Amino acid sequence: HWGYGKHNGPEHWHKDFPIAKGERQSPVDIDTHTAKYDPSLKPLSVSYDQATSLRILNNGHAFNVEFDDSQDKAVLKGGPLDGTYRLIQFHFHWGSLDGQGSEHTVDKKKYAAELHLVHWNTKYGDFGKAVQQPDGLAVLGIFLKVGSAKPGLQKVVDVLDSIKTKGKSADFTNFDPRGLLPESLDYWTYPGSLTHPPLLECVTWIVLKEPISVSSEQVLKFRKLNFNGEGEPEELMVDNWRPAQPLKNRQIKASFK
Ligand SMILES: [Zn+2]
């Protein structure tokens with residue numbers, strides 16, 4: 001099945017998922033000098049006060065922190081978006097070392113990791129329907145650099161030992177994703193895709209300019225996870241990022257100058 005290795009990684013995905021070579025694939029490199037400042041872009045509205053996290057899952061590729069999305073409790077609106085998008089899950093992508101891990105790049109700079117908060121457009125009723133539409137998802141992407149610890153990340157870090165291997169999950173209630181945000185909501189935006197199979201071209205990407213800082217110890221705990229299942233040969237969960245894809249006929253817009 002697909003993964004991140006030599007034998008099943010991003011350069012292979014197009015065989016089972018031909019949309020891998022499509023017209024609006026993600027991630028991309030953000031060329032800061034080419035991105036157009038767009039004064040029509042509104043401030044992002046991130047409303048996570050009523051977010052209900054439920055569970056954390058090691059899915060064999062990353063770990064997902066899952067939310068109750070049965071009502072409008074944690075939503076993303078404004079920015080480049082029309083309508084209301086409900087938070088379903090967040091996850092990360094990270095590297096074997098601090099010099100790689102992010103999926104988007106900024107003037108070819110790779111960050112140590114990238115957080116994706118995934119939200120679906122409520123006008124399509126459920127996530128499975130939303131991913132079939134070109135405006136079905138909004139993914140908020142946040143870079144991670146290594147330096148000072150992120151206090152609001154530590155609860156995530158300290159549950160990882162309980163979900164070491166693929167298919168393990170744990171209760172993860174009352175987690176506040178506001179603690180993962182940077183100070184500024186300045187962003188870049190462009191139309192793209194899911195960055196892992198099925199690679200569906202359903203995402204409005206919103207990538208924050210300001211990275212969050214996490215500690216080396218925090219990221220090291222991400223790197224102790226396993227791609228494999230319980231008792232199987234240990235394969236550390238590292239380098240679970242897709243590289244930058246061709247921009248093709250797309251414009252990256254900035255909310256700031
Ligand atoms: Zn992702």
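Along the sequence shown, the residues carry numbers beginning at 1. Just so it is clear, the values below take in all heavy atoms, side chains as well, and ignore hydrogens, waters and symmetry mates.
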Checklist entry - Is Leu180 reachable from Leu160 through a run of I, L, V, M, F, W or Y residues, each pair having side-chain heavy atoms under 4.5 Å apart? => result yes
Checklist entry - Does a donor on one side chain sit under 3.5 Å from an acceptor on the other, for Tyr124 and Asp135? => result yes
Checklist entry - For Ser96, does its backbone N or O pair with a side-chain atom of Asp239 as donor and acceptor, under 3.5 Å? => result yes
Checklist entry - Should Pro191 and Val203 count as side-chain neighbours, where that means a heavy-atom distance under 4.5 Å? => result no
Checklist entry - What closest approach, in Å, do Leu140 and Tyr48 show between heavy atoms, and which atom pair accounts for it? => result CD2-OH, 4.2 Å
Checklist entry - Should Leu208 and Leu115 be counted in the same cluster of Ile, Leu, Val, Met, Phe, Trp and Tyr side chains packed under 4.5 Å apart? => result yes
Checklist entry - From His116 NE2 over to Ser26 OG, what is the distance, rounded to the nearest 0.5 angstrom? => result 8.5 Å
Item to check | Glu232, CD atom: more than 12 neighbouring heavy atoms under 6.0 Å | outcome: yes
Next on the checklist: So, taking the atom named CD1 in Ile56 and the one named CG in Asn58, what distance separates them when rounded to the nearest 0.5 Å?
Outcome noted: 9.0 Å
Checklist entry - Quick one: does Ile19's side chain get under 4.5 Å of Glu201's, heavy atoms only? => result yes
Checklist entry - Between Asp98 and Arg223, does at least one N-O distance fall below 4.0 Å, as a salt bridge requires? => result yes
Item to check | Shared hydrophobic cluster, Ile212 / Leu181 (ILVMFWY, side-chain heavy atoms < 4.5 Å) | outcome: yes
Checklist entry - Does the cation-pi check pass for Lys15 over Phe17, that is, NZ or CZ under 6.0 Å from the six-membered ring centre and within 45° of its axis? => result no
Checklist entry - Are side-chain heavy atoms of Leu117 and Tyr85 found at a separation under 4.5 Å? => result no
Next on the checklist: Is it the case that over 12 heavy atoms from other parts of the model lie below 6.0 angstrom from the CG atom of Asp158?
Outcome noted: yes
Next on the checklist: Around atom CG of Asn249, are there more than 12 heavy atoms from other residues, nucleotides or ligands closer than 6.0 Å?
Outcome noted: no
Checklist entry - Is it true that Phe67 and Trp120 have ring centroids separated by less than 6.0 Å? => result no
Checklist entry - Under the 3.5 angstrom rule, does the side chain of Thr165 hit a backbone N or O of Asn226 as a donor-acceptor pair? => result no
Next on the checklist: Ignoring hydrogens, what is the shortest heavy-atom contact between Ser70 and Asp68? Give both atom names and the distance.
Outcome noted: OG-OD1, 2.6 Å
Checklist entry - Do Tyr37 and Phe256 have their ring centres less than 6.0 Å from each other? => result no
Checklist entry - When you look at CG of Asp82, are more than 12 heavy atoms from neighbouring residues, nucleotides or ligands closer to it than 6.0 Å? => result no
Item to check | Between CD on residue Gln154 and OG on residue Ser215, distance to nearest 0.5 Å | outcome: 7.0 Å
Checklist entry - Can you tell if the side chain of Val106 reaches within under 4.5 Å of the side chain of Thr32, non-hydrogen atoms only? => result yes
Item to check | Minimal non-hydrogen separation, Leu144 against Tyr111, with atom names | outcome: O-CB, 3.4 Å
Next on the checklist: Could you check whether any side-chain N or O of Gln25 sits under 3.5 Å from a backbone N or O of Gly192, counting only pairs where one atom can act as donor and the other as acceptor?
Outcome noted: no
Next on the checklist: With a 3.5 Å distance limit and no angle check, can you tell me whether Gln218 reaches the backbone of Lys150 through a side-chain donor-acceptor pair?
Outcome noted: yes
Checklist entry - Are the side chain of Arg242 and the backbone of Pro10 linked by a donor-acceptor contact shorter than 3.5 Å? => result no
Checklist outcome for this item: Partner of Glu66 under side chain to side chain contact (heavy atoms under 4.5 Å, CB included), picked from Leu87, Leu57, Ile88, is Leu57
Next on the checklist: Quick check against the 3.5 Å criterion: does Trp13 have a side-chain atom that pairs as donor or acceptor with the backbone of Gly3?
Outcome noted: yes
Checklist entry - According to a 4.5 Å side-chain heavy-atom criterion applied to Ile, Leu, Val, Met, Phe, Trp and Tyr, with indirect links allowed, do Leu185 and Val207 form part of one hydrophobic cluster? => result no
Item to check | In one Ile/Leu/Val/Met/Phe/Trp/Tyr side-chain cluster, 4.5 Å: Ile142, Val157 | outcome: yes
Next on the checklist: Any donor-acceptor pair under 3.5 Å linking the side-chain atoms of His104 with those of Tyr190?
Outcome noted: yes
Next on the checklist: Using side-chain heavy atoms (C-beta onward) and a distance below 4.5 Å, is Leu137 in contact with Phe127?
Outcome noted: yes
Checklist entry - side chain to side chain contact (heavy atoms under 4.5 Å, CB included) between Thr204 and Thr189: does it pass, once the steps are laid out? => result CA-CA 7 Å; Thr204 300; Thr189 184; 3.7 Å; yes
Checklist entry - Looking at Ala130 and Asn121, what are the two nearest heavy atoms and their distance? => result CB-N, 4.4 Å
Item to check | Spacing of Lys166 atom NZ and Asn59 atom CG [to the nearest 0.5 Å] | outcome: 10.0 Å
Item to check | Pair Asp72-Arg86, salt bridge (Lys or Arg N to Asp or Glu O under 4.0 Å): steps then yes or no | outcome: CA-CA 6 Å; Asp72 277 322; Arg86 199 167 284 178; 3.1 Å; yes
Next on the checklist: Let me confirm one number: the CG-CG distance from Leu200 to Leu194, rounded to the nearest 0.5 Å.
Outcome noted: 5.5 Å
Checklist entry - Of all heavy-atom pairs between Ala254 and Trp188, which one has the smallest distance, and what is that distance? => result CB-CD1, 3.8 Å
Item to check | Any donor-acceptor N/O pair, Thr105 side chain to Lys110 backbone, under 3.5 Å | outcome: no
Checklist entry - Between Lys73 and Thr52, do the side chains contain an N or O donor and an N or O acceptor separated by less than 3.5 Å? => result yes
Checklist entry - Any side-chain donor-acceptor pair under 3.5 Å between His93 and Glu114? => result no
Checklist entry - Can you find a heavy atom in the side chain of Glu235 that is under 4.5 Å from one in the side chain of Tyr4? => result no
Item to check | cation_pi(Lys209, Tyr187) dist<6.0 Å, angle<=45 | outcome: no
Next on the checklist: Testing the basics here: between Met237 and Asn240, what is the closest heavy-atom pair and its distance to 0.1 Å?
Outcome noted: CG-ND2, 3.9 Å
Item to check | salt bridge (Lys or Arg N to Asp or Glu O under 4.0 Å) evaluation trace for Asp176 with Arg178 | outcome: CA-CA 5 Å; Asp176 183 356; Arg178 291 177 293 193; 3.0 Å; yes
Checklist entry - Taking C-beta and beyond as the side chain, do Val28 and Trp205 meet within less than 4.5 Å on heavy atoms? => result no
Item to check | Step-by-step side chain to side chain contact (heavy atoms under 4.5 Å, CB included) determination, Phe92 to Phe222 | outcome: CA-CA 9 Å; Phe92 302 80; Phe222 285 17; 3.8 Å; yes
Next on the checklist: If you count heavy atoms of other groups shown closer than 6.0 angstrom to CG of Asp171, is the number above 12?
Outcome noted: no
Checklist entry - Roughly how far apart are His119 NE2 and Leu81 CG, rounded to 0.5 Å? => result 9.5 Å
Item to check | Heavy atoms from other residues, nucleotides or ligands near CD of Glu183 exceed 12 (cutoff 6.0 Å) | outcome: no
Item to check | Audit row: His91, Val118, side chain to side chain contact (heavy atoms under 4.5 Å, CB included) steps and yes/no | outcome: CA-CA 8 Å; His91 62 270; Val118 180; 3.8 Å; yes
Checklist entry - Quick one: salt bridge (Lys or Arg N to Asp or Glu O under 4.0 Å) pairs with a partner in residues 28-46, sequence neighbours left out? => result none
Checklist entry - Are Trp2 and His61 close enough that their ring centers fall under 6.0 Å? => result yes
Item to check | Check: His1 main-chain N/O paired with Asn8 side-chain donor or acceptor under 3.5 Å | outcome: yes
Next on the checklist: Centroid separation under 6.0 Å, is that true for the rings of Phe175 and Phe90?
Outcome noted: yes
Checklist entry - Between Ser193 and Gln245, is any pair of side-chain heavy atoms under 4.5 Å apart? => result no
